[PDB]
Structure formats: C-alpha cells, structure tokens
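Chemist: Quick one: this structure, given as structure tokens, is what I'll be asking you about.
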Amino acid sequence: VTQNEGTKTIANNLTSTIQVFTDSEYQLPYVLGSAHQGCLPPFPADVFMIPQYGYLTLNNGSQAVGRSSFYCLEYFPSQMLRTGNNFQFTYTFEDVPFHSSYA
Amino acid sequence: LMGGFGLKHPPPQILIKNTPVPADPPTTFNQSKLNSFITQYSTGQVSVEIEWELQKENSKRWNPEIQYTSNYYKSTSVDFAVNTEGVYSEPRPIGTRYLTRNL
C-alpha cells in the first residue's frame, strides 16, 4: 500500500516474501493457552487479522532482573515465502487422557 | 526435602570394622567371653567413581546468561584453596540454578 496525495493505492508485490517458522523445540516463551484473542474466527466466511507476538520475562516492578531474557525471533530458521510458495507442517499429539464428556 | 535424588534403592551402606584379636587367654578354661583385646586400628585408601548423565544447555536466548564466576578482584587468599596453614575452606555455598530457561 502506497499512500500518496490522500489517494490510497494497493498493488501486489510479487517479489516480496514473508518469513514463517514454527518453534518445534519450545525455545520461545509459549503464549498460546492464555486464552487470548486472535483465533481463526468461528464462522468460516470471515477474515481475521493475525495477532502480534510479544513475551514477558522476570521483573521487579517495571524493571528487569538479572535473569530476564531477550529472545530475538530472527535468530531462528524461518522460511521465506513469495506468492506461489506454501507452508505445510504436521504434528502428532502425545498420549493425553480422553476428555470425559459425560456427567 | 533436603535436596538431592530420592531413591528407593540408594547406594547400599558399606559397613566396616576391625576383626577382634583377643589378648592371651587364661591357662584354665573360663566360660566367660573374652573381654581383653589387642588394641588396633586400620587404615588404607578408598575410591569412589560415579558416572553422571548430563543434560546440555541448548539456550536460544540472545543476551548473555548468569554464570558462576570467581570474582576478579584481588584477595589475600584464593577461594577454595588452602590458607597459609594448610587448611582447606569453602567460602560460600554454591547451588546449581545459574542458567535460565523459560517456563
């Protein structure tokens, strides 16, 4: 999107990419499971925007302690994707007890 | 609760004593147990080899961690060394929790 003179113009950049990696080693602060927003909507007809990743560390008020860690996400092997490329990923759950859906 | 590894079958107790060596008994039979013994004690060496399994740190953190270090400042005597009289002393209690990891 190039905003020039009040008139907005949105053109596709075929050579631009996006990086997408999956932390399979759990080396980054796990944020899911805190019941945050930004889920695939429930209704399939609508489009959603992807939430921003941010993490927390130890603190002493608004300050950082010695053990406070800084994780650079650019320090992981991402996978650049142009239009035309796709990202596939598989995962198999460990053995967890059935959820008792009965009274 | 004092720390360590709880074991159901811990290293057994190695018990050791000096076998009694009676002093010269009477020349006439006395049913009473001999209470006179040759004074002795034993010495010798003992080795104990233990193999420990480690779990190497794979931190993908960006900034430096907190290592245990001997403070660089000059002292009268080195820490964890013998003093001028040959008396070895451990100046402080060292724990293990230095490296950090996410929760």
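By convention in this document, the chains of the structure tokens carry letters A, B, ... by their order, each chain's residues are numbered from 1, and ligands are numbered from 1 in the order they are shown.
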Output as a PDB file with C-alpha atoms, in the first residue's frame the set of chain B residues within 12 Å of chain A, with distances taken over only C-alpha atoms.

Modeler:
```
ATOM      1  CA  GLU B  57      22.002 -26.470  27.729  1.00  0.00           C
ATOM      2  CA  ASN B  58      20.514 -25.571  24.326  1.00  0.00           C
ATOM      3  CA  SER B  59      19.509 -21.954  25.143  1.00  0.00           C
ATOM      4  CA  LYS B  60      18.435 -19.924  22.122  1.00  0.00           C
ATOM      5  CA  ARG B  61      18.478 -16.760  24.267  1.00  0.00           C
ATOM      6  CA  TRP B  62      20.150 -13.710  22.749  1.00  0.00           C
ATOM      7  CA  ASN B  63      21.852 -11.825  25.579  1.00  0.00           C
ATOM      8  CA  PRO B  64      24.441 -13.410  27.930  1.00  0.00           C
ATOM      9  CA  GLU B  65      23.444 -15.588  30.888  1.00  0.00           C
ATOM     10  CA  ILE B  66      24.460 -15.620  34.542  1.00  0.00           C
ATOM     11  CA  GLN B  67      27.496 -17.814  35.072  1.00  0.00           C
ATOM     12  CA  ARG B  97      20.454 -22.771  39.450  1.00  0.00           C
ATOM     13  CA  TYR B  98      22.505 -20.319  37.351  1.00  0.00           C
ATOM     14  CA  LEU B  99      21.374 -20.936  33.775  1.00  0.00           C
ATOM     15  CA  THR B 100      17.849 -19.735  32.974  1.00  0.00           C
ATOM     16  CA  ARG B 101      15.121 -21.364  30.921  1.00  0.00           C
ATOM     17  CA  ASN B 102      11.524 -20.449  30.029  1.00  0.00           C
ATOM     18  CA  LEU B 103       8.520 -21.709  31.947  1.00  0.00           C
TER      19      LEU B 103
END
```

Chemist: So which residues touch residue 40 in chain A within 12 Å, counting only C-alpha atoms, skipping near sequence neighbours fewer than 6 positions away, as a list in words?

Modeler: residues 46, 47, 48, 49, 50 and 51 of chain A

Chemist: Save out the residues we just selected, C-alpha atoms, as a PDB file, in the first residue's frame.

Modeler:
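Listing of out.pdb after writing:
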```
ATOM      1  CA  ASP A  46     -14.975 -14.076   7.681  1.00  0.00           C
ATOM      2  CA  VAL A  47     -11.355 -12.944   7.504  1.00  0.00           C
ATOM      3  CA  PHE A  48      -9.257 -12.193  10.563  1.00  0.00           C
ATOM      4  CA  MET A  49      -6.031 -10.352  11.233  1.00  0.00           C
ATOM      5  CA  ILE A  50      -3.102 -12.141  12.855  1.00  0.00           C
ATOM      6  CA  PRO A  51      -2.261 -11.118  16.475  1.00  0.00           C
TER       7      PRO A  51
END
```

Chemist: Using Å and a single decimal, report how far CA of residue 18 in chain A sits from CA of residue 80 in chain A.

Modeler: 5.3 Å

Chemist: In Å to one decimal, how far is CA of residue 24 in chain A from CA of residue 100 in chain A?

Modeler: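 Answer for the CA of residue 100 in chain A to CA of residue 24 in chain A separation: 28.7 Å.
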
Chemist: Tell me, counting only C-alpha atoms, for each residue of range 5-75 of chain A within 9 Å of range 83-97 of chain A, which pair of atoms is nearest and how far apart they are in Å to one decimal, in rows ordered by chain and increasing number, as JSON lines.

Modeler:
```
{"residue": "A:13", "atom": "CA", "partner": "A:83", "partner_atom": "CA", "distance": 8.8}
{"residue": "A:14", "atom": "CA", "partner": "A:83", "partner_atom": "CA", "distance": 6.2}
{"residue": "A:15", "atom": "CA", "partner": "A:83", "partner_atom": "CA", "distance": 7.7}
{"residue": "A:16", "atom": "CA", "partner": "A:83", "partner_atom": "CA", "distance": 8.0}
{"residue": "A:17", "atom": "CA", "partner": "A:83", "partner_atom": "CA", "distance": 7.4}
{"residue": "A:20", "atom": "CA", "partner": "A:87", "partner_atom": "CA", "distance": 8.0}
{"residue": "A:22", "atom": "CA", "partner": "A:89", "partner_atom": "CA", "distance": 8.5}
```

Chemist: Write the residues of the selection above to a file with N, CA and C atoms, as a PDB file, in the first residue's frame.

Modeler:
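Below is the file that was written, part12.pdb:
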```
ATOM      1  N   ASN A  13       2.950  -6.979  -4.690  1.00  0.00           N
ATOM      2  CA  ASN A  13       4.393  -7.043  -4.869  1.00  0.00           C
ATOM      3  C   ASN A  13       4.706  -8.534  -4.976  1.00  0.00           C
ATOM      4  N   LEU A  14       4.901  -9.016  -6.200  1.00  0.00           N
ATOM      5  CA  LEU A  14       5.157 -10.439  -6.445  1.00  0.00           C
ATOM      6  C   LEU A  14       6.502 -10.962  -5.949  1.00  0.00           C
ATOM      7  N   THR A  15       7.458 -10.057  -5.745  1.00  0.00           N
ATOM      8  CA  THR A  15       8.789 -10.453  -5.301  1.00  0.00           C
ATOM      9  C   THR A  15       9.020 -10.346  -3.789  1.00  0.00           C
ATOM     10  N   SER A  16       8.048  -9.797  -3.065  1.00  0.00           N
ATOM     11  CA  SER A  16       8.159  -9.659  -1.614  1.00  0.00           C
ATOM     12  C   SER A  16       7.873 -11.001  -0.972  1.00  0.00           C
ATOM     13  N   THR A  17       8.458 -11.248   0.197  1.00  0.00           N
ATOM     14  CA  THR A  17       8.253 -12.516   0.886  1.00  0.00           C
ATOM     15  C   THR A  17       7.716 -12.319   2.297  1.00  0.00           C
ATOM     16  N   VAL A  20       8.110 -17.469   7.946  1.00  0.00           N
ATOM     17  CA  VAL A  20       7.247 -18.192   8.852  1.00  0.00           C
ATOM     18  C   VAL A  20       7.964 -19.406   9.383  1.00  0.00           C
ATOM     19  N   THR A  22       8.137 -22.325  12.840  1.00  0.00           N
ATOM     20  CA  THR A  22       7.379 -22.933  13.910  1.00  0.00           C
ATOM     21  C   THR A  22       8.382 -23.393  14.950  1.00  0.00           C
TER      22      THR A  22
END
```

Chemist: Please report the interatomic distance between CA of residue 92 in chain B and CA of residue 51 in chain B in Å with one decimal.

Modeler: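 Answer for the CA of residue 92 in chain B to CA of residue 51 in chain B separation: 25.8 Å.
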
Chemist: Go through chain A and collect every residue that DSSP, computed from the backbone, puts in strand (DSSP E); the answer should be as a ChimeraX atom specification.

Modeler: /A:2-4,7-9

Chemist: Would you mind telling me which residue in A:19, A:7, A:60, A:101 lies nearest to residue 81 in chain A when using only C-alpha atoms?

Modeler: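 Checking each of A:19, A:7, A:60, A:101 against residue 81 in chain A, counting only C-alpha atoms, the winner is A:19.
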
Chemist: Go through B:22, B:16, B:84, B:55 and flag the residue nearest residue 39 in chain B, using only C-alpha atoms for the distances.

Modeler: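 The shortest atom-to-atom distance to residue 39 in chain B comes from B:22.
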